[PDB]
């Protein structure tokens, strides 16, 4: 079976978390309102009517949780900084209590020998910036994010050596501005009646452009002022499904390739080559912003590593939008593809609790090779991988702990990962399980349990280890 010896010497194993999903204490120690506070407190936005005002209270309970990590022998913890705890209004007055908080968390981790991997932006934009200029829709976001990033480099960079500037910009751009299913909930009202405003054809591309520039702006500051003395590295965590052709036809083979370009390439082609993928330029046309030559020069080469959030694999077929009908532009239509976890009625694999999450371990290996080939072997971290159980009130806690399916998931995905490294030569440096604890899974609320530890929401957030805890412990034994 898998051991640490199955991976390169120095390979980093960790668990991942995110501020809004974990912290609670939403109105404590000066924290400003975010777009997700607003979204979670708006009717219709969260499926189980819940919110993250308390979440799992990691803001207060982080030392306990650090012990639960050390219990498995974890090397690292990925966590995010809530921008609104540092600048409650996005810009302006620095909140010293926010700085003090993350210093305590960082020092506590390091005292246990656990390395901090810090995400600067995990979707919780300060509401003040949304009100001021509609957040990621305005170019001002670029300098404002970079200033926030700089403050974090200055305050924490003496100890934090691994930075993830942005989490899943693809998800944010599509879910936040095309589907309007995540904050700020914008979209073409003609496509989705539940949105109050937006444009699914234009806004995702504007937001994505601004994410790319924001990262490059923060990376430029890091490299020019902090990197030589701090000696850390900056990356991004990209959401990436693997896509397989729905049929063995060149049209569908090309469609799967194109779907990948529109998902990963949308962001990574700028960072590696200085422009968007040709397919996107061709299909999105004037709705796709253009980089200036000076912007291309700051954007290209802006990553030290590629973070991959990888969960699942879908089939992809070529698709043409209906030639007759009122054309309502949107990002899926622009791809010229449809991707689905079914082929001829048959699912691609077993499903986890999440309706989108199909269990397809080979996708991990295929994707690692894809990244190696297209981008000339950049260092990669698997910044998230995992699966969820239901929140089932009809079973005992003891039965909820029997997560053999999660164990098989991690086993099979890691086995594929180990083979991509040893056999295929992929430069993978680490792996972080989503997630350490059951937590508030955005619009899914508390209905989805991704943790290695079970959280009893009906007993003051008590943590219990699921069977996967012992599985990871055995795996990581040195």
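Residue numbers count along the first chain shown, from 1.
**Student:** Regarding 415-423 and 436-444, which shows the higher C-alpha temperature factor on average in the entry?
**Tutor:** Higher of the two, by average CA B-factor, is 415-423.
**Student:** Tell me which of 317-325 and 274-282 has the higher mean C-alpha B-factor in the deposited entry.
**Tutor:** Averaged over C-alpha atoms, the B-factors run higher in 317-325.
**Student:** Would you mind finding, among 260, 312, 84, 220, the residue with the largest C-alpha temperature factor in the entry?
**Tutor:** Going by the entry's C-alpha B-factors, 220 comes out highest.
**Student:** Per the entry, which of 408, 290, 122, 365 tops the list for Cα B factor?
**Tutor:** Highest C-alpha B-factor among the listed options: 290.
**Student:** Grab the CA temperature factor for residue 27 from the record and place it in the lowest, middle or highest third of its chain.
**Tutor:** Within its chain, residue 27 is a highest-third residue by C-alpha B-factor, going by the deposited values.
**Student:** Which third, lowest, middle or highest, does the C-alpha temperature factor of residue 347 belong to within its own chain?
**Tutor:** Highest third of the chain for residue 347's C-alpha B-factor.
**Student:** Of the three thirds of its chain by CA temperature factor, lowest, middle or highest, which one includes residue 298?
**Tutor:** Tercile = highest for this residue's CA B-factor.
**Student:** Can you tell me which third, lowest, middle or highest, the CA B-factor of residue 337 falls into for its chain?
**Tutor:** For residue 337, whose C-alpha B-factor we compare with every modelled residue in the chain, the answer is the middle third.
**Student:** Within this chain's modelled residues, let me know which third the CA B factor of residue 47 belongs to: lowest, middle or highest.
**Tutor:** For residue 47, the deposited C-alpha B-factor lands in the highest third.
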